[PDB]
**Q** 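Sharing a structure, written as structure tokens. Questions coming.
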Amino acid sequence: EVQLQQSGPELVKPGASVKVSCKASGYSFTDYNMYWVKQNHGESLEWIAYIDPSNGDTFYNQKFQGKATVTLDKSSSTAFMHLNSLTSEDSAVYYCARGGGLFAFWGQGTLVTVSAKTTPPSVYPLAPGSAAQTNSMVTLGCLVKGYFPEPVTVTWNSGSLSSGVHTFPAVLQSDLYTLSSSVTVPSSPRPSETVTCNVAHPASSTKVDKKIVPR
Amino acid sequence: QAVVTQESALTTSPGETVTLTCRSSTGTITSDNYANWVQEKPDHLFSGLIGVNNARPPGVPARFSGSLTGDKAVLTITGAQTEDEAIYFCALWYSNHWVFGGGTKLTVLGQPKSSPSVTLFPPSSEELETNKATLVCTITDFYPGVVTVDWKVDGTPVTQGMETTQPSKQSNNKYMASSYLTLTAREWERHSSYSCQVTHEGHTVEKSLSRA
Ligand code: NA
Ligand code: NA
Ligand code: NA
Ligand code: NA
Ligand code: NA
């Protein structure tokens with residue numbers, strides 16, 4: 001029954017402030033402490049502060065004291081963490097975990113990102129370099145490059161060419177994200193039968209195809 | 001306060017017993033630290049494993065056992081399974097502050113060692129007119145999920161561009177990933193051979209092309 005249903009992912013510009021909501025279910029709200037931990041990309045977990053419904057009083061990490069603020073909503077049994085003057089290094093996933101004799105059950109986490117600008121990706125085709133088919137199978141791909149934000153969505157021939165597809169993790173190059181997807185088919189389908197990658201970039205209303213043509 | 005020292009990454013196999021440690025830099029680790037261990041399964045999924053330097057169950061396997069060694073805490077996994085493969089974080093309490101360890105990355109080999117199929121792509125048409133030449137090296141169906149990717153341009157080992165990613169798992173449980181080589185057209189139109197050689201254990205699978 002216990003559930004720590006955490007609030008939706010965030011995205012803001014520097015100097016902005018966010019408030020994370022952590023609704024809890026499945027246990028008595030007043031019996032346990034709620035902790036607000038911070039996991040930043042690579043640097044892993046970080047304790048921020050904790051509030052005690054059991055005493056009302058809150059406890060903060062001094063390196064966070066002025067940045068974040070913990071409040072409790074007993075009426076709905078919901079904890080909140082406020083983040084102020086957001087900056088680049090404040091970008092991460094924020095978790096709420098309940099007390100006990102350990103950080104027993106955690107929330108699903110809420111991601112917060114601060115940064116720059118929105119940019120649809122510039123998609124490029126990747127075609128075999130005058131090779132052929134060694135296994136009678138050929139691999140074509142698509143360069144989903146320099147976009148913002150995430151995520152990117154890539155399909156091959158409208159999701160009709162589902163097998164053979166490998167869509168890779170985005171990468172941060174010029175403080176924009178570059179991605180990759182690849183399809184493997186027999187050497188008969190290409191180029192006789194059309195092969196196209198459909199990349200959808202949500203934040204920009206983008207839906208663009210890249211027909212792949214032999215060099 | 002101090003430095004909670006954890007293993008960076010460890011690997012084991014089903015039926016084996018694994019030992020994880022967590023060191024306190026302030027010294028002897030006691031009950032006043034309330035040593036806690038959490039588990040993070042790779043979906044950025046978190047859960048409590050052991051608290052009170054002892055306490056076991058919310059429904060945590062009997063095989064997971066925590067302890068206090070002397071100047072550090074130890075999480076022993078006796079009879080290690082594949083689903084234990086996750087990231088283990090430790091936490092020591094000094095006052096009024098909580099410090100978590102770096103996190104111990106435990107991989108449980110639960111499938112045969114498979115090798116990567118690499119496919120090198122040269123810069124596209126449309127792209128090269130943008131003064132840019134991105135080479136892409138896809139790495140697919142490799143288990144375990146660890147590879148290093150080396151480039152050399154015209155035999156010249158590359159220290160530039162090299163944007164390799166962390167291996168993401170595939171439907172078949174194996175891993176996939178790619179490495180990018182970006183630079184300018186002039187550079188591109190400057191050499192002949194561009195090679196990507198992938199490292200997955202003691203074998204390097206190279207992949208080249210002579211554009212011109
Ligand atoms: Na598809
Ligand atoms: Na869209
Ligand atoms: Na042509
Ligand atoms: Na998992
Ligand atoms: Na067991």
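So you know, we letter chains A, B, ... as the sequences are listed, proteins then strands, and number each from 1. Hydrogens, waters and symmetry mates play no part in the numbers below; they use all other heavy atoms, side chains included.
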**Q** Side chain from CB out, backbone as N, CA, C, O: work out which of these in B/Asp141 comes under 4.5 Å of a heavy atom of chain A, or both, or neither.
**A** side chain
**Q** Would you name the heavy atoms of B/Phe121 and A/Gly141 that are closest together and state the gap between them?
**A** CZ-N, 3.7 Å
**Q** Under 4.5 Å heavy-atom distance to chain A, tell me which part of B/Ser168 shows up: side chain, backbone, both or neither.
**A**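 Looking at B/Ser168, just its side chain touches chain A.
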**Q** Name the member of A/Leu172, A/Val213, A/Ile48, A/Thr139 that forms the most heavy-atom pairs with chain B at distances under 4.5 Å.
**A** A/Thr139
**Q** Identify which part of B/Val52 has an atom lying under 4.5 Å from any heavy atom of chain A, answering side chain, backbone, both or neither.
**A** both
**Q** More than 12 heavy atoms of other residues, nucleotides or ligands under 6.0 Å from CD of A/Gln5: is that the case?
**A**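 Yes, because the 6.0 Å sphere around CD of A/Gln5 holds more than 12 heavy atoms from other groups.
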**Q** Which atoms form the tightest heavy-atom contact between A/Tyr95 and B/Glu40, and what is the distance?
**A** OH-OE2, 4.2 Å
**Q** Side chain, backbone, both or neither: which part of A/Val37 has a non-hydrogen atom closer than 4.5 Å to chain B?
**A**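 Just the side chain, heavy atoms under 4.5 Å.
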**Q** Measuring from atom OG1 of A/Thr167 to atom CE of B/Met176, what distance do you get when rounded to the nearest 0.5 angstrom?
**A**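 Rounded to the nearest 0.5 Å, the OG1-CE separation comes out at 7.5 Å.
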**Q** Look at atom CG of A/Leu11 and say whether more than 12 heavy atoms of other residues, nucleotides or ligands are closer to it than 6.0 Å.
**A**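 Count not over threshold, so no.
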**Q** Check each atom of B/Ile139 against the heavy atoms of chain A and say whether the ones under 4.5 Å are side chain, backbone, both or neither.
**A**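 For B/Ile139, the backbone is the part near chain A, not the side chain.
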**Q** If I compare all heavy atoms of A/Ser180 with all of B/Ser178, which pair ends up nearest, and what's the gap?
**A** CB-OG, 3.9 Å
**Q** In Å and rounded to the nearest 0.5 Å, what is the CG to NE2 distance from A/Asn61 to B/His97?
**A** 5.5 Å
**Q** Heavy-atom cut-off 4.5 Å, strictly under: side chain, backbone, both or neither for B/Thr140 against chain A?
**A** side chain
**Q** Does B/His203 have more than 12 heavy atoms from other residues, nucleotides or ligands lying within 6.0 Å of its NE2?
**A**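 It does not: B/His203 NE2 has 12 such atoms or fewer within range.
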**Q** Quick check on the 6.0 Å ring-centre criterion: do A/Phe103 and B/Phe100 meet it?
**A** yes
**Q** Can you tell which of B/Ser125, B/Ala55, B/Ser117, B/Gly103 has the highest number of heavy-atom pairs within less than 4.5 Å of chain A?
**A**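 Looking at each option in turn, the highest pair count goes to B/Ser125.
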**Q** Could you look at B/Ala91 and say if it's the side chain, the backbone, both or neither that has a heavy atom under 4.5 Å from chain A?
**A**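 Answer is side chain: those atoms of B/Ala91 sit under 4.5 Å from chain A.
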**Q** Report the distance from atom CD of B/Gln6 to atom OG of A/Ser44, rounding to the nearest 0.5 Å.
**A**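 Going from CD on B/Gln6 over to OG on A/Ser44, the span is 9.0 Å.
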**Q** Would A/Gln173 and B/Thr182 count as having a side-chain donor-acceptor pair, cut-off 3.5 Å?
**A**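 Distance-only check passes for A/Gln173 and B/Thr182.
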**Q** Nearest 0.5 Å, please: how far is CD in B/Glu127 from OG in A/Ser122?
**A** 9.5 Å
**Q** Hey, which of B/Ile50, B/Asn53, B/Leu45 has the most heavy atom pairs under 4.5 Å with chain A?
**A** B/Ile50
**Q** Is there side-chain contact between A/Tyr124 and B/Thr134, with heavy atoms separated by less than 4.5 Å?
**A** no
**Q** Determine the option with the most heavy-atom pairs under 4.5 angstrom with chain B, choosing from A/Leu143, A/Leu102, A/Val93.
**A**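 Max contact count across the listed options: A/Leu102.
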**Q** Against chain B, label A/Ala49 side chain, backbone, both or neither, depending on which of its atoms sit under 4.5 Å from a heavy atom there.
**A** neither
**Q** Hey, is NZ on B/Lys41 packed in by over 12 heavy atoms from elsewhere, all under 6.0 Å?
**A** yes
**Q** In Å and rounded to the nearest 0.5 Å, what is the CG to OH distance from B/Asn36 to A/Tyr35?
**A** 9.0 Å
**Q** Do B/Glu126 and A/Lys210 have side-chain heavy atoms sitting under 4.5 Å apart?
**A** yes
**Q** Going through the distances and angles, do B/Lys132 and A/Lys145 end up as a side-chain contact (heavy atoms from CB on, under 4.5 Å)?
**A** CA-CA 11 Å; B/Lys132 305 225 204 316; A/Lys145 175 172 165 224; 3.8 Å; yes
**Q** Pick one of side chain, backbone, both or neither for B/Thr119, based on which atoms fall under 4.5 Å of a heavy atom in chain A.
**A** side chain
**Q** Do A/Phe168 and B/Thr138 touch side chain to side chain, with heavy atoms closer than 4.5 Å?
**A**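 They are in contact (side-chain heavy atoms under 4.5 Å apart), so the answer is yes.
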**Q** Can you confirm whether B/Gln160 is buried at CD, in the sense that more than 12 heavy atoms of other residues, nucleotides or ligands lie under 6.0 Å from that atom?
**A**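 Count over threshold, so yes.
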**Q** Parallel, tilted or perpendicular, judged at 30° and 60°: which one describes the rings of B/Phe46 and A/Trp106?
**A** parallel
**Q** Does a sphere of radius 6.0 Å around NE2 in A/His82 hold more than 12 heavy atoms from other residues, nucleotides or ligands, not counting ones at 6.0 Å or beyond?
**A** yes
